[PDB]
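These notes are about the structure you will find just below.
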Amino acid sequence: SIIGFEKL
Amino acid sequence: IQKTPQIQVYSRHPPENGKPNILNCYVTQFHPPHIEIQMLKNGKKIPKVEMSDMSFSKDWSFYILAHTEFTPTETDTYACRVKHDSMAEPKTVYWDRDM
Amino acid sequence: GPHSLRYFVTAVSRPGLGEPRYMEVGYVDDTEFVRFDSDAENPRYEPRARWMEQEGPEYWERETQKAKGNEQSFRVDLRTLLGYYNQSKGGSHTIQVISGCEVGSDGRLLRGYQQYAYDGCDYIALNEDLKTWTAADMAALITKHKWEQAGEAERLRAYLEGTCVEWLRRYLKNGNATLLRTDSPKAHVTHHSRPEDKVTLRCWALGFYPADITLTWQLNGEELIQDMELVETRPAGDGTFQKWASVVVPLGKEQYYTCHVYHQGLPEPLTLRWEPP
């Protein structure tokens with residue numbers, strides 16, 4: 001399961 | 001910056017004149033991912049060419065494999081031609097059955 | 001042995017022509033097993049290795065919704081980067097991510113990855129310490145500070161040591177049989193004309209898997225460092241790979257050369273020569 005990404 | 005595509009044109013199996021085979025055009029090392037790939041028999045675009053889904057490698061460069069069914073003969077000429085923003089003109093690479 | 005779970009993410013903007021194209025591609029031990037592609041009417045996470053068809057409907061639904069959440073977040077990031085870089089709204093741009101974990105045979109984390117690139121160049125990456133960031137330019141420094149503030153590195157470490165390892169364990173269970181696959185190269189030597197009194201000996205290896213392999217040419221059992229030609233290993237299209245290495249040698253001396261092929265599928269390395277029919 002891929003991580004949930006956080007904004008740049 | 002932008003990365004210039006590398007091209008290999010080669011058969012899936014060792015070619016035997018008159019035996020059905022698959023011709024591959026393996027395109028790598030390019031960026032951005034938009035790219036236009038055609039394959040050519042005796043100077044004319046081949047209509048039925050399949051494309052793998054695009055992927056990229058550890059170095060961020062994209063790669064993709066195009067292929068088509070073909071039956072090699074002694075005299076037919078094949079090529080793969082790639083248009084990509086990293087190049088002023090399309091790049092054509094010919095099939096050499098010894099490579 | 002060791003194993004890895006890695007996701008390769010792509011977000012490509014295309015002003016005027018649509019919403020950005022978003023893709024998540026998952027790899028177990030360097031082989032694709034799942035894929036989300038936003039370029040559809042109803043984009044869904046899909047199994048890419050038949051052994052993933054084991055996972056039930058809830059898995060696909062949950063991964064799908066999380067993908068769509070990711071996509072929308074990357075849509076924002078593309079706009080953010082136009083800002084950091086003072087770029088025009090008109091051009092296409094790319095954000096790429098490599099995220100994942102490598103575990104040893106004991107099931108402990110060996111290395112974790114969280115790497116970003118913008119327009120194909122390094123942007124930011126989590127360091128080996130899983131505590132600090134390497135920013136490649138002035139724009140990434142902004143993100144770096146942002147993420148330092150929010151404790152992003154800690155969140156990533158929790159993922160890498162927890163979730164990531166745990167899922168890899170599960171996928172291995174479901175696909176280990178086919179993951180351990182090897183196909184030994186089938187090798188042969190071809191002979192080709194050169195000008196005057198030289199010939200080319202080409203050593204082929206075909207139908208092997210995994211892709212990793214070494215071909216060498218020896219003269220009288222001694223390795224040749226310069227003048228060996230070869231191609232980058234390449235997919236045959238059936239899930240196996242091909243490669244060749246060649247040398248130019250004197251006409252009449254072919255029998256003084258041997259090709260050696262090293263591959264993990266083989267009981268022992270191959271030794272072969274030009275066999276005049």
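Neighbour counts run over all protein chains shown; Cβ positions are idealised from the backbone, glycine included. FYI, it's all coordinate maths here, none of it is from the lab.
Counting only other residues whose beta carbon sits under 13 Å from that of B:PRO47, what net charge do I get with K and R as +1, D and E as -1?
+2
Kindly identify segment C:1-181 as rounded, prolate or oblate by the Cα gyration tensor criterion: order the square roots of the eigenvalues as a ≥ b ≥ c, call it rounded if a/c is under 1.5, otherwise compare a/b with b/c, prolate if a/b is larger, else oblate. If you can, show how the numbers build up before the last one.
Working: a/c = 2.29, a/b = 1.30, b/c = 1.76.
Oblate shape, in that a/c is at least 1.5 and b/c is the bigger or equal ratio.
Rounded, prolate or oblate: which fits chain B, taking a ≥ b ≥ c as square roots of the Cα gyration tensor eigenvalues, rounded meaning a/c under 1.5, else prolate when a/b beats b/c?
prolate
Give the relative contact order (percent, whole number) for segment C:124-205; include only Cα pairs under 8 Å separated by 6+ residues. Write down the numbers at each step before the final one.
Working: 58 pairs, mean separation 13.4, N = 82.
Dividing the mean separation by the residue count of segment C:124-205 yields 16 percent.
Find the relative contact order for chain C and round it to a whole percent, using C-alpha pairs within less than 8 Å whose residues are 6+ positions apart.
Working: 527 pairs, mean separation 35.9, N = 277.
For chain C, the relative contact order is 13 percent.
Just checking the output field for B:52-65: average partner chain Cβ neighbours within 10 Å of each residue's Cβ? Don't jump to the answer; show the numbers that get you there.
Working: counts 2, 6, 6, 7, 10, 2, 5, 3, 14, 1, 4, 1, 0, 4.
Counting Cβ atoms of other protein chains within 10 Å of each residue's Cβ and averaging gives 5.
Compute the distance in nm between two label points, each set 7 Å from the Cα along the Cα-to-Cβ direction, one at C:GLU196 and one at C:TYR59.
Label at C:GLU196, label at C:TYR59, 6.3 nm between them.
Can you list, by residue number, the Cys in chain C that have no neighbouring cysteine C-beta under 4.7 Å?
Taking the Cβ cut-off of 4.7 Å, the unpaired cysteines of chain C are C:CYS121.
Using a 10 Å cut-off around each Cβ of peptide C:101-107, what is the average number of partner chain Cβ atoms that fall inside?
On the way: counts 0, 0, 0, 0, 0, 0, 0.
Mean shielding count: 0.
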